[PDB]
Amino acid sequence: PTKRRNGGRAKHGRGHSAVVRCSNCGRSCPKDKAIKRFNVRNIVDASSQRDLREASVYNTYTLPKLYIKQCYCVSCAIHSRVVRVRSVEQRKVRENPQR
Amino acid sequence: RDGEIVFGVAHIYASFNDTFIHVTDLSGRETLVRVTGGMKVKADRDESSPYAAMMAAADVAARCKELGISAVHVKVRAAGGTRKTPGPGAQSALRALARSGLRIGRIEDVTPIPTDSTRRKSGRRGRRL
Amino acid sequence: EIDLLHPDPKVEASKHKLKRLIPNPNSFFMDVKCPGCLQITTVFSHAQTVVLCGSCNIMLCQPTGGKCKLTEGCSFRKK
Amino acid sequence: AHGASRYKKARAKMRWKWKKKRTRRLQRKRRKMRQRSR
Amino acid sequence: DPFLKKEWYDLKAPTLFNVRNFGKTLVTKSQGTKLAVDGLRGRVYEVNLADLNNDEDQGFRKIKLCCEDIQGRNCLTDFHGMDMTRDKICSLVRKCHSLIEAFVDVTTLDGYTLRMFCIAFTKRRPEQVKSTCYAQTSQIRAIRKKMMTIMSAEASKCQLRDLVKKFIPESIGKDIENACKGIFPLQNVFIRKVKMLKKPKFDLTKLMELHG
RNA sequence: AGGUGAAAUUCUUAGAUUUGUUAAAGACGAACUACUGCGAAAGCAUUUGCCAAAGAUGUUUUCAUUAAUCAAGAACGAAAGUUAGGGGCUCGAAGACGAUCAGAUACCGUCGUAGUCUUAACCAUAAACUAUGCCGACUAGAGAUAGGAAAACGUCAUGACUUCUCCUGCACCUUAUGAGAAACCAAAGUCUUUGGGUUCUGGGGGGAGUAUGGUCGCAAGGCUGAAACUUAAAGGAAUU
């Protein structure tokens with residue numbers, strides 16, 4: 001039986017999508033079915049960054065953020081607990097948890 | 001001398017498996033001090049670790065005061081390229097340069113990124129563990 | 001509750017051309033007055049060609065997707 | 001034959017991709033042996 | 001024991017930048033055959049613009065300087081090229097906008113030639129309820145051609161010394177934006193990166209006019 | 001230094017790995033990239049120019065049944081593979097050692113030939129999938145979205161945005177006294193209240209996509225395709 005109406009790849013009127021390699025696994029999955037979290041984050045945590053505010057040259061300084069787009073394999077995600085797993089009813093929701 | 005606070009770019013290469021702390025002049029052609037995680041600690045496991053990268057930076061802090069250098073521009077770096085997520089050394093090494101009292105300015109990420117390029121290791125099905 | 005025989009003027013104006021009860025065209029003709037000449041010209045609302053004047057060619061309208069643009073201030077009266 | 005089901009694998013089985021290959025090696029051998037006796 | 005053999009030299013910027021100091025480096029003590037000022041020649045120096053300005057602005061961007069000549073513990077830099085920081089250009093990239101790019105290889109009246117790049121992002125209006133917003137390729141082509149023509153005209157009219165001045169106030173970026181509204185509004189519109197392909201001749205007397 | 005779960009093979013003071021500026025080489029076009037577009041399907045993401053071609057929309061143009069579906073027959077058909085020249089960076093079936101293990105011809109690691117890329121032929125199959133043939137009619141709404149078109153003393157400067165209607169796309173949500181074995185389904189509805197037109201395929205599970213014969217192929221193999229004997233269950237969807 002179909003576990004998803006979608007199939008999990010979210011592809012319509014193509015026949016062929018682009019491909020990406022998983023950032024951890026190595027695996028070629030399709031770009032559409034990859035599962036992607038764009039992790040913006042500053043370099044030195046939060047607690048440790050006050051050392052740089054103390055130590056530095058210049059009156060104030062914006063500690064510049066690190067921008068990366070992670071892409072995952074399904075199996076790499078479910079192992080690493082990005083997505084885990086959901087019920088048959090609650091599967092269908094597509095919104096943002098943590099807006 | 002007359003104008004205090006002379007600078008030198010610092011080049012924190014921090015992959016997994018090892019952390020490289022490198023100090024050089026603004027031109028960058030001539031190096032001043034070089035330290036590698038694994039010069040401090042001799043496990044192979046603990047080459048990459050928070051403590052080894054911290055203890056690496058303390059030797060760099062000591063050598064920088066002697067030669068001239070009172071301040072540091074800094075350039076963090078994951079292996080990046082084909083392999084782009086800087087390791088557990090880069091947290092601790094950048095913190096360690098503060099606790100010496102080198103005067104920090106101007107942080108950059110300079111981990112090299114393609115515009116789509118090459119092929120990655122581990123085949124189609126990937127590095128199945 | 002419904003009237004297929006006598007539909008409303010408001011709703012059947014909105015519908016497509018052919019889907020109306022009696023099909024008829026929403027295009028029309030125009031008596032155009034260009035600024036120089038006192039003459040008049042019968043011009044279709046949707047014109048596929050660049051229409052010239054009755055003598056010494058000026059230009060009435062340039063063709064577009066649907067309705068043609070008329071060149072600057074020049075009036076037009078529907079038939 | 002089998003057609004579409006071909007590889008249904010509803011229950012513990014050999015695996016179709018391997019099965020097709022095994023039969024190909026048997027078949028390929030049949031050829032040279034039958035051409036040898038000409 | 002190794003660093004007894006070296007001595008410090010002082011880099012000096014153009015008069016255009018407004019800060020004479022910034023360049024500190026060591027070339028090592030001279031030895032007959034392979035002397036110091038040969039090895040010191042043709043080094044390259046990526047430096048932030050907000051250092052040269054001396055004000056906390058333009059944190060983004062970097063200017064590259066190579067020292068053409070050396071005279072008595074001083075190094076006289078005419079610039080090699082321009083660059084933008086990866087913090088800036090990656091912050092500007094957001095989802096549901098149209099990234100436009102462009103380039104031209106352009107010749108100044110001064111001998112050498114450059115390869116400028118531009119990045120422009122379409123911007124939503126006020127009171128716009130549309131979820132995304134995009135430029136219809138054809139619109140993008142018109143905008144792109146417009147960007148190159150404007151960029152080409154500016155570089156060609158002004159000599160390199162003059163051109164660097166245009167970059168500091170980021171006047172060129174503003175000009176492209178106000179021309180292109182007729183097609184699409186745009187935002188940001190930076191010049192991003194510049195690359196010298198030639199450097200025409202050395203010319204000592206021309207370089208001393210820059211260093212006042 | 002490398003690399004790993006942890007180590008080794010491997011590379012290194014005849015200066016590696018890291019720092020910087022170049023040069024050559026051949027791949028690949030990141031982020032923007034989406035329950036978006038285009039294409040008969042396979043498939044197609046850098047800039048600019050040239051060459052034909054296509055859909056939708058608009059049309060008080062034109063011909064006037066020229067149409068639908070298709071045994072034979074014909075064109076295209078990813079990846080791998082083949083044949084003959086180029087090119088050969090990275091990755092890398094085979095092979096090689098180094099680990100792990102009771103063993104490990106595997107997973108992990110380090111090298112690494114064919115191949116990967118391109119011109120000229122072949123091959124003709126993929127979970128080639130929407131696992132739903134192709135035209136047509138009618139059934140039910142709401143909000144999005146891509147393309148075109150019309151309207152508004154609309155808002156900011158020919159265009160962007162707002163509000164509203166029309167067809168044409170990929171979809172999505174909600175619901176049915178419609179259907180179904182159920183999963184689910186605007187088609188799988190309008191089918192025991194059984195007939196709009198038409199092409200192809202199936203008849204318990206093996207034996208078997210095998211044998212033999214035919215025909216296409218340079219081969220690998222493709223298309224067509226049995227029987228003897230064997231067996232009471234195979235199989236589908238949900239429940240505990």
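In its metadata, the entry names cryo-EM as the structure determination method and reports 3.35 Å as the resolution.

For chain C, the PDB entry supplies the name Ribosomal protein eS27 and the organism Toxoplasma gondii. Within the Protein Data Bank, this record goes by the title "Small subunit of Toxoplasma gondii ribosome".

Under the PDB entry, the name given to chain A is Ribosomal protein eS26, and the source organism is Toxoplasma gondii.

Caption draft 1: The interface of chain B and chain A, seen in detail. In this assembly, 26 residues from chain B lie in contact with 26 residues from chain A. Between chain B and chain A the total buried area reaches about 2300 Å² when both faces are included, carbon and sulfur atoms providing 51% of it. On the chain B side of the contact with chain A, B:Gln91, B:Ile107 and B:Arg120 bury the most area, a combined 25% of that side's loss. For the pair chain B and chain A, the interface holds 2 salt bridges.

Caption draft 2: Fine view of the interface of chain E and chain A. Contacts between the two partners involve 5 residues from chain E, matched on the other side by 6 residues from chain A. Surface buried jointly by chain E and chain A totals about 500 Å² across both partners, of which 41% is contributed by carbon and sulfur atoms. Taken as a group, E:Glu56, E:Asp87 and E:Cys90 account for 70% of the area that chain E buries against chain A, more than any other trio of residues on that side. Counting every contact that joins chain E to chain A gives 0 salt bridges. On inspection of chain E and its partner chain A, the count reaches 5 residue pairs in polar contact. Among the elements that take part in the side of chain E that touches chain A, helix α3 (residues 86–92) of chain E stands out by supplying 3 residues, more than any other. Of the residues contributing to the side of chain E that touches chain A, the split by class is 1 nonpolar, 1 polar and 3 charged.

Caption draft 3: Inspection of the pattern of salt bridges at higher detail. Here the structure, examined in full by the defined rule, presents 15 salt bridges over all chains. Taking the shortest distance from any N to any O, the salt bridge between E:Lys62 and E:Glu46 comes out at 2.4 Å. In this pair, E:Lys62 is assigned in strand β4 (residues 62–70) and E:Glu46 in strand β3 (residues 44–48), connecting sequence segments 16 residues apart. Residue E:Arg115 pairs with E:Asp105 through a salt bridge whose shortest N-O separation is 3.0 Å. Separated by 10 residues along the polypeptide, E:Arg115 in strand β7 (residues 113–121) and E:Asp105 in strand β6 (residues 99–107) bring together distant segments of the chain. Overall, E:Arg115 belongs to the partly exposed group, its relative accessible area being 26%. Several salt bridges converge on common partners, so that one network encompasses B:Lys75, B:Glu108, E:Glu46 and E:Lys62.

Caption draft 4: Representation of unusual backbone geometry within the structure. Its identity as a non-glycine residue notwithstanding, A:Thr60 has a phi of 65°, on the positive side. Within the secondary structure, A:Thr60 sits in the loop between α1 (50–55) and β4 (66–71). Residue classification places A:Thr60 among the partly exposed residues on the basis of a relative accessible area of 46%. Despite not being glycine, D:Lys9 shows a phi value in the positive range, around 50°.

Caption draft 5: Molecular detail of the protein's contact with RNA strand F. Near RNA strand F, the surroundings consist of 92 residues, among which A:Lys31, D:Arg24, D:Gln27, D:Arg34 and E:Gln136 are the closest. Within the side chain of A:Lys69, an N or O atom sits 3.2 Å from a phosphate oxygen of RNA strand F. Between C:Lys69 and RNA strand F, the recorded distance is 2.8 Å, taken from a side-chain N or O atom to a sugar or linking oxygen. Elements supplying a minimum of two residues to the surface near RNA strand F: β2 (19–24) and β3 (31–36) of chain B, α1 (16–36) of chain D together with β6 and α4 (138–157) of chain E.

Procedures and definitions
Residues numbered from 1 in each chain as written, not as in the entry; some residues may be left out. Chains lettered and ligands numbered in written order. Part of a larger assembly, values for the part shown. Heavy atoms only, no water. Residues with missing side-chain atoms left out of burial classes, pairs and counts. Contact = heavy atoms within 4.5 Å. Buried area = accessible area lost by both parts, 1.4 Å probe. Salt bridge = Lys/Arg side-chain N within 4 Å of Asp/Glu carboxyl O. Polar contact = N/O pair within 3.5 Å; in protein donor to acceptor, adjacent residues only side chain to side chain. Helix = DSSP H or I, 4+ residues; strand = E, 2+ residues; numbered from the N terminus. Nonpolar A, V, L, I, M, F, W, Y, C, P; charged D, E, K, R; others polar. Buried < 20%, exposed > 50% of the residue type's maximum accessible area, 1.4 Å probe, protein only. Near = heavy atom within 4 Å.

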